[PDB]
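Here are the chains, one letter per residue:
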Amino acid sequence: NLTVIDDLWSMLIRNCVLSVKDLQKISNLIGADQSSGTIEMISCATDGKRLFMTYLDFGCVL
Amino acid sequence: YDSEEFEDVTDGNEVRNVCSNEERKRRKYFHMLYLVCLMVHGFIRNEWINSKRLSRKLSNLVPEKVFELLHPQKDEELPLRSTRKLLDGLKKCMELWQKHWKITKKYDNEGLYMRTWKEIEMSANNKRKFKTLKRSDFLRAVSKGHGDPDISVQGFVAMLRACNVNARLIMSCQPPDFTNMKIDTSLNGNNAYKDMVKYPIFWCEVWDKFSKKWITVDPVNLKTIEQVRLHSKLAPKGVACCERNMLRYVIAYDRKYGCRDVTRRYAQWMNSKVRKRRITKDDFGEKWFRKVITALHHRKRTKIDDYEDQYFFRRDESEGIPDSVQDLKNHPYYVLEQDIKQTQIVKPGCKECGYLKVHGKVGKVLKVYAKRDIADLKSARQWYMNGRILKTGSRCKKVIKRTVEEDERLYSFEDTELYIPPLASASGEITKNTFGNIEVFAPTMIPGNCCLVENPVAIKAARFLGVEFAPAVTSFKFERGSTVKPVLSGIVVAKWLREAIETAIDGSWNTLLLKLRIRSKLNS
Amino acid sequence: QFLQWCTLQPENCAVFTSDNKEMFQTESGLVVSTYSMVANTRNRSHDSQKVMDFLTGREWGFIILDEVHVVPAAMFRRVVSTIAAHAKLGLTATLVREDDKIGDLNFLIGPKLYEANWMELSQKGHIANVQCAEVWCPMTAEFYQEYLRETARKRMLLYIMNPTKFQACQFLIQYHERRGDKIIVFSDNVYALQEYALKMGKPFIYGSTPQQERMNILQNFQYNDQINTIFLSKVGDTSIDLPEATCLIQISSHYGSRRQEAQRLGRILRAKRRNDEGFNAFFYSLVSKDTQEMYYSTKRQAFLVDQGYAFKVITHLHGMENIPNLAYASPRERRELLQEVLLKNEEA
Amino acid sequence: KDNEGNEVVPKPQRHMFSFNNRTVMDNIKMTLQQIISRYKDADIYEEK
DNA sequence: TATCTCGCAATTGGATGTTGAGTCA
DNA sequence: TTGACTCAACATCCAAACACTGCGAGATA
Ligand SMILES: [Ca+2]
Ligand SMILES: [Ca+2]
């Protein structure tokens, strides 16, 4: 459901756009030795090019 | 610039011994590297020797009569007569090779004889112009008959191959001696060259199909042909000569780009003396050398290899026990009674396999045992450290002291059993020792339905997932003051949780999101 | 710091802590002890009790004391009665102390003989003329309205992180290297310290740093001349004071401990002695305007007037406008520092 | 100096002579080197 | 008188092998 | 010309688990 998807998309610490720092926080905490230049997923996720991932782009990545 | 061109012309008048361990390791590495390079040189030179352009020229050096002698008719009644004719051909080939070469050059600097560590150290100090030798140069030199003894013998092998005889190039590889731990490694200048060239680095082997043996041929230096049984005229003898010619890697290259370690033929004491001076003296160097050979051995095994291996096996059988105590230190097959470790026993029913007359004491004799007859024992704890427990009603074979003393019992491998740890529960719960850890010193010690995940954060991960695990004590760190410490290098979890854990330690978008989804369905 | 420079061999002076177990009741020679081990509630192990038993056993003919005022005199009197010594000694630090009870520790030990006349000591050549200065760096309108919206500690994160402070720090860093003077910066915050220590290329000694990397910088500071600007937290000042570096820069300052910063700054100036003709020991404080830290830093300079040290005010030195190497001078870097500080306030 | 004011000896002072005849070059070279040797003798005398 | 900080408490080794130098028979 | 000694200075192998946080010093608006 939409509620479930927003919850999945609302599992961070802001609630505003997924920022690089937010993705980094998640990837760092789940164990991920990822370079600052290892955005990859999030980087490619950026459809409109604003350097972040909004709800619609998150949905499309999933 | 101006002093570089215009030379200053003036009249300036003027009236223990063991290196560090770092040098030890540097010498071992440099020894390996150098050996490999030499063996590759022998391979490539053997290629050059196979050159067709050369063989069509050298073929014309061998009269028909001699070709027939090199390929005698098979003699049924008495194959030896054929061997005879073969040897006569090889001799005549050797004679006409002297006619062919004429000019022999001296080695510019020790040729490929062994160099000292000091020499290698100072070689980097001063650069030198080197006239390059390309394949074409080699061919031209061999055809004109001009060059040092190595190029000479190489040409000879090429001639024999031109005449379709199965002739090997033999190279006694002389890397620097990694056993020589001296700092100052100076050599006696008296008759240095003559002693260096007393025995050759390259020679030839020819297969005799009638007697089924390799015949040794040195047509340049010793100018002889021999059928080596136990003794070879080509192994260097005398302390002087063995300072630049230490026989330990005699390598054979054949028509078909084969590469075989043939030292056994030329070394009387392969197993006792030479082994000490070879990189193969320990398991790692053994595997390393086998890897190099294989890398240079570009053909399938033949029946000849089988024959030569039988020859080597007989040479091994008949080398026997060495004449001296030193040569039995770390011998691959034998041990002196007095060298049996406190933690070893003679296998039941076995005894000595020979004796040693001790040089220096009248009638003094030492008992020599085959190593195959010595069994290694360990205590119960030591076996647990190898993932083994004792069988029911096992009796110990030896009792030995320790420190504050203590009587430790020792058991044989046959008295021990493979330890099987209890399985994890359905939920994946591991059963752990008194400290709350699982001891995992051997793969055997992992539960059948579990896996070991080794990672600095595998614990933080398993705790974070709230899943069932057990910290893994994989070894013991020995540290300052007086106290041992367990090394908790990771986690034992059930198998079905491996990837969950790996995600936890490891963490695309979907993976990161799903782990978030799990973390939340788990916390609350 | 001194007793091996002094003639003392610590082979006999076993140090007892009730944790640093040492040789008691077997020390062939004199011992060095502490009030916490000698008589305090911090009797974690019976090593202290055994040391006291041995002290009772041997009639210790003399006692050396350092800063007993802090420790209450009750334990002092208890151990005086317990040990029954022959003589003692008080190396006091303050004229009036909390241990001036009815039974004065003077008549417990002895009369006064010398007074630590700091006007006699602090003027003949050791401090090399303290020059207390406070660099009045400007602040910004984006960090001020965000400063007023924060309170209860999470507000000092906007005060310390200022773009003009990096322009005043890299200017005073390049100013001291032209005069051939080493720099020994001090701070309070942990995080805000590593962010200013990593970008300037100045090794660091901070909390929970391994000692193999801690002593390597001291070998690159006392021998190598390439490291003339070190960054120390609170560990490298309460453990070893350096007699070099005649230029000190204070950046991160905590409230309340302005007298503890005065005890730390005073121990550096007392360590710097060689009696030079100039010997100008410069002290700077990068205080931003209209912040709650500069008004507490005036209490720190007020303690220095009580010590007799002269304090001057430096608004800006005419030379920072000609340094192109000042980071966060461009407004783009000031907005990038604003976003890095806004992420720091979201993490704290 | 060394371009700042600290003394150095980057190169030693020397004279550049060009020769055209071989006998005269041999003679002048041998004479000059002999003079250099005698000079070493005299300076050895003087340094004592 | 309530509040933080923050220190503090809890000198691998000993047995065994390798190396080169030297001495002896 | 051989090797078995001894000497001394290293090198190298091998044994094999306690916890972790409370608690008083100074200082504090
Ligand atoms: Ca966000
Ligand atoms: Ca976007």
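Rules and cut-offs
Residues numbered from 1 in each chain as written, not as in the entry; some residues may be left out. Chains lettered and ligands numbered in written order. Part of a larger assembly, values for the part shown. Heavy atoms only, no water. Helix = DSSP H or I, 4+ residues; strand = E, 2+ residues; numbered from the N terminus. Rg over C-alpha atoms; globule rule 2.2 N^0.38 Å. Contact = heavy atoms within 4.5 Å. Areas by Shrake-Rupley, 256 points an atom, 1.4 Å probe, with all protein chains shown as cover. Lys, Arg positive; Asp, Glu negative; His and termini not counted. Charge placed at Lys NZ, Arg CZ, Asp CG, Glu CD. Buried area = accessible area lost by both parts, 1.4 Å probe. Salt bridge = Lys/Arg side-chain N within 4 Å of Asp/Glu carboxyl O. Nonpolar A, V, L, I, M, F, W, Y, C, P; charged D, E, K, R; others polar. Near = heavy atom within 4 Å. Polar contact = N/O pair within 3.5 Å; in protein donor to acceptor, adjacent residues only side chain to side chain. Buried < 20%, exposed > 50% of the residue type's maximum accessible area, 1.4 Å probe, protein only. Pairing = 2+ DSSP bridges. Axes fitted to C-alpha atoms, helices over the stretch in contact; angles between N-to-C directions. Expected span 1.5 Å × (residues − 1). Core = buried A, V, L, I, M, F, W, Y, C linked by side-chain atoms within 4.5 Å. Arc of directions from axis to C-beta. Parallel < 35°, antiparallel > 145°, perpendicular 65-115°, else oblique. Left-handed = near helix turned anticlockwise from the far one by under 90°. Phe/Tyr/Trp six-rings, centres within 6.5 Å; stacked < 30°, edge-to-face > 60°. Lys NZ or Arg CZ within 6 Å of the ring centre and 35° of its normal.

- The deposited coordinates for this entry were obtained by cryo-EM, with a reported resolution of 9.25 Å.

## Digging into the overall build of chain A
Point 1. Of the regular secondary structure elements, chain A holds four helices and zero strands.
Point 2. Mapped from its N terminus to its C terminus, chain A presents α and β elements in the order α-α-α-α.
Point 3. Against the globule reference of 11 Å for 62 residues, chain A gives a C-alpha radius of gyration of 11 Å, in line with a compact fold.
Point 4. Referenced to the eigenvectors of the C-alpha coordinate spread, the extents of chain A come out at roughly 35 × 25 × 20 Å.

## Describing the overall build of chain C
Point 1. When helices and strands are tallied, chain C shows 14 helices and seven strands.
Point 2. Overall, the C-alpha framework of chain C stretches about 75 × 50 × 45 Å when taken along its three principal axes.
Point 3. By sequence separation, contacts in chain C at least 24 residues apart represent 76% of the contacts at least 6 residues apart.
Point 4. Just so you have it, chain C exposes about 19,700 Å², and 55% of that area is on carbon and sulfur atoms.
Point 5. Computed over 40 positive and 40 negative side-chain charges, the separation of the two mean positions in chain C equals 3 Å.

## Some remarks on the interface of chain A and chain B
Point 1. Listed as interface residues are 21 residues of chain A and, on the opposing side, 16 residues of chain B.
Point 2. Where chain A abuts chain B, roughly 1,500 Å² becomes buried across the two surfaces, and 72% of that area is made up of carbon and sulfur atoms.
Point 3. Between chain A and chain B we count zero salt bridges in total.
Point 4. Counting only elements with at least two residues in the side of chain A that touches chain B, the list comes to α2 (20–29), α3 (41–45) and α4 (55–61) of chain A.
Point 5. Among the elements that line the side of chain A that touches chain B, the one with the most residues is α2 of chain A, at five residues.
Point 6. Residue composition of the side of chain A that touches chain B, by class: 15 nonpolar, five polar and one charged.

## Quick word on the protein's contact with DNA strand E
Point 1. Lining the immediate surroundings of DNA strand E are 19 residues, of which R480 of chain B together with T17, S18, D19 and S45 of chain C lie closest.
Point 2. Within the contact set of DNA strand E, a phosphate oxygen lies 3.1 Å away from a side-chain nitrogen or oxygen of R24 of chain B.
Point 3. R42 of chain C places a side-chain nitrogen or oxygen 3.1 Å from a sugar or linking oxygen of DNA strand E.
Point 4. In the surface near DNA strand E, the residues fall into three nonpolar, eight polar and eight charged.

## Description of the pattern of salt bridges
Residues and elements named next belong to chain B.
Point 1. Counted under the stated rule, the structure contains 47 salt bridges over all chains.
Point 2. Here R168 ties to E308 by a salt bridge, and the two come within 2.4 Å at their closest N and O atoms. On the criterion of sequence distance, the pair formed by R168 in strand β3 (residues 167–173) and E308 in helix α12 (residues 303–319) is long-range, its members being 140 residues apart.
Point 3. Its relative accessible area of 2% is what places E308 among the buried residues.

## What about the sheet that holds strand β21 (residues 484–494) of chain B?
All names here are of chain B.
Point 1. With mixed pairing, the four strands of this open sheet are ordered in space as β18-β20-β21-β19. Looking at which strands have only one partner, the edges of the open sheet turn out to be β18 (438–439) and β19 (450–454).
Point 2. The pairing of β19 with β21 spans five bridges and is antiparallel. From the neighbouring strand, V453 faces β21, where its bridge partner is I491.
Point 3. Sheet strands in contact with helix α14 (residues 458–465) are β19, β20 (469–478) and β21, and its direction is about 45 degrees off that of β21.

## Considering the protein's contact with DNA strand F
Point 1. With respect to spatial proximity, 30 residues lie near DNA strand F, and among them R16 and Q382 of chain B together with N40, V70 and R259 of chain C are the closest.
Point 2. The protein-proximal atoms of DNA strand F, defined as those within 4 Å of the protein, are 69% sugar or phosphate.
Point 3. The side chain of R16 of chain B places a nitrogen or oxygen atom 2.7 Å from a phosphate oxygen of DNA strand F.
Point 4. Here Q326 of chain B contributes a backbone N or O atom positioned 3.3 Å from a phosphate oxygen of DNA strand F.
Point 5. Where the surface near DNA strand F is concerned, the elements lending two or more residues are α2 (21–49), α13 (380–384), β20 and β21 of chain B together with α12 (258–271) of chain C.

## Some remarks on the environment of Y255 of chain C
Residues and elements named next belong to chain C.
Point 1. Along the chain, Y255 turns up in the loop between β6 (247–250) and α12.
Point 2. As a C-alpha pair, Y255 and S297 span 42 residues in sequence and 8.0 Å in three-dimensional space.
Point 3. Residues within four places of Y255 in sequence aside, it is in contact with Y147, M156, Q292, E293 and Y296.
Point 4. In terms of polar contacts, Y255 uses its side chain to reach the side chain of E293, at 2.5 Å.

## Section: the sheet that holds strand β8 (residues 259–261) of chain B
All names here are of chain B.
Point 1. In spatial order, the strands read β6-β5-β4-β3-β7-β8; together these six strands make up an open sheet with antiparallel pairing. Looking at the sheet topology across the chains shown, the edges are occupied by β6 (224–226) and β8. In this sheet, neighbouring strand axes are inclined to one another by 30 degrees on average, regardless of whether the strands run parallel or antiparallel.
Point 2. Sheet topology note: the β3/strand β4 (residues 202–208) ladder contains five bridges and is antiparallel. Following the sheet pairing, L169 is matched in β4 by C204.

## As for the side chain of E293 of chain C
Residue and element names in this part refer to chain C.
Point 1. Position of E293 among the secondary structure elements: in the loop between β7 (282–288) and α13 (294–306).
Point 2. Here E293 sits buried without a salt bridge, and the closest side chain of opposite charge, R258, lies 6.2 Å off (N-O distance).
Point 3. The residues touching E293, leaving out its near neighbours within four places in the chain, are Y147, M156, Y159, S253, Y255 and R258.

## Some thoughts on the arrangement of the chains
Point 1. Where the three pairs of chains in contact are concerned, the greatest contact count is recorded for chains A and B.
Point 2. Chain C makes no contact with chain B, the minimum C-alpha separation between the two being 13 Å.
Point 3. You won't find any contact between chain C and chain D; their C-alpha atoms come no closer than 17 Å.

## As for helix α1 (residues 22–47) of chain D
Because an α-helix packs 3.6 residues into every turn, residues spaced three or four apart end up facing the same way.
Point 1. Across its 26 residues, α1 of chain D extends 37 Å between first and last C-alpha, which sits within 8% of the 38 Å expected from 1.5 Å per residue.
Point 2. Of the residues flanking the start of α1 of chain D, the one acting as N-cap is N21 of chain D, its side-chain oxygen 2.9 Å from the backbone nitrogen of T23 of chain D.

## Quick look at the environment of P72 of chain C
Residues and elements named next belong to chain C.
Point 1. Positionally, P72 belongs in the loop between α2 (47–57) and α3 (73–83).
Point 2. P72 gets classed as partly exposed once you look at its relative accessible area, which sits at 41%.
Point 3. Contact partners of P72, with chain neighbours within four places excluded, come to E98 and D99.

## Describing unusual backbone geometry
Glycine aside, negative phi is the norm for most residues, and most peptide bonds take the trans geometry.
Residues and elements named next belong to chain A.
Point 1. Of note, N15 is a non-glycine position whose phi angle comes to about 75 degrees, a positive value.
Point 2. Within the chain, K49 stands out as a residue other than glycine whose phi angle is a positive 85 degrees.
Point 3. Inspection of the secondary structure puts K49 in the loop between α3 and α4.
Point 4. On the basis of relative accessible area, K49 is assigned to the exposed category, the value being 71%.

## Some remarks on the nonpolar core
Point 1. Among the nonpolar cores identified, the biggest contains 57 residues, and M39 and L160 of chain B are the most heavily contacted of them.
Point 2. The biggest single contributor to this core is helix α8 (residues 149–162) of chain B, with eight residues.
Point 3. Excluding anything up to four places from it in sequence, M39 of chain B contacts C173, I251, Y253, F289, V292, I293 and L296 of chain B.
Point 4. The next biggest cluster of nonpolar side chains, apart from the first, holds 22 residues, and it includes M52, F76, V79 and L105 of chain C.

## What to know about α2 of chain C
All names here are of chain C.
Point 1. Buried within α2 we find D47, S48, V51, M52, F54 and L55. Along the axis of α2, the buried residues cluster in a sector spanning 160 degrees; they form a single face.
Point 2. On the buried face of α2, the contacting elements are α1 (35–38) and α3.

## Overview of the pairing of strand β11 (residues 354–357) of chain B
All names here are of chain B.
Point 1. Burial of β11 is one-sided: the residues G354 and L356 facing one way are buried, the residues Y355 and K357 facing the other way are not.
Point 2. Note: β11 against strand β12 (residues 365–370), four bridges, orientation antiparallel. The partner of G354 across the bridge, within β12, is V368.

## Observations regarding the packing of helix α5 (residues 80–101) of chain B against α8 of chain B
Residues and elements named next belong to chain B.
Point 1. The geometry of α5 relative to α8 is characterised by a closest axis approach of 11 Å and an angle of 130 degrees between their N-to-C directions. Compared by their axis directions, α5 and α8 come out oblique. Crossing geometry of α5 relative to α8 is assigned as right-handed. Within the contact between the two elements, α5 uses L90, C93, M94, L96, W97 and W101 and α8 uses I151, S152, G155, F156, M159 and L160.

## Describing the packing of aromatic side chains
Point 1. For the structure shown, the criterion picks out 25 aromatic pairs over all chains.
Point 2. On the basis of an interplanar angle of 50 degrees and a centroid distance of 6.4 Å, the ring pair of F43 of chain B and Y257 of chain B is categorised as tilted. Of this pair, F43 of chain B sits in helix α2 while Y257 of chain B is found in the loop between β7 (249–253) and β8, placing the two residues 214 residues apart along the sequence.
Point 3. Relative to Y175 of chain C, the ring of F171 of chain C lies with its centre 6.2 Å away and its plane at 35 degrees, an arrangement referred to as tilted. Here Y175 of chain C and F171 of chain C lie together in helix α8 (residues 163–178), a separation of four residues that amounts to about one turn.
Point 4. For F171 of chain C, a relative accessible area of 6% corresponds to the buried category.
Point 5. Taking the relative accessible area as the measure of exposure, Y175 of chain C reaches 27% and is therefore partly exposed.
Point 6. Through a chain of ring-to-ring contacts, the aromatic side chains of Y384, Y419, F441 and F476 of chain B assemble into a single cluster.
Point 7. A cation over a ring is seen here: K21 of chain C above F24 of chain C, with NZ or CZ 4.3 Å from the ring centre.
Point 8. The ring centre of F221 of chain C lies 5.1 Å from the NZ or CZ of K182 of chain C, which sits over that ring.

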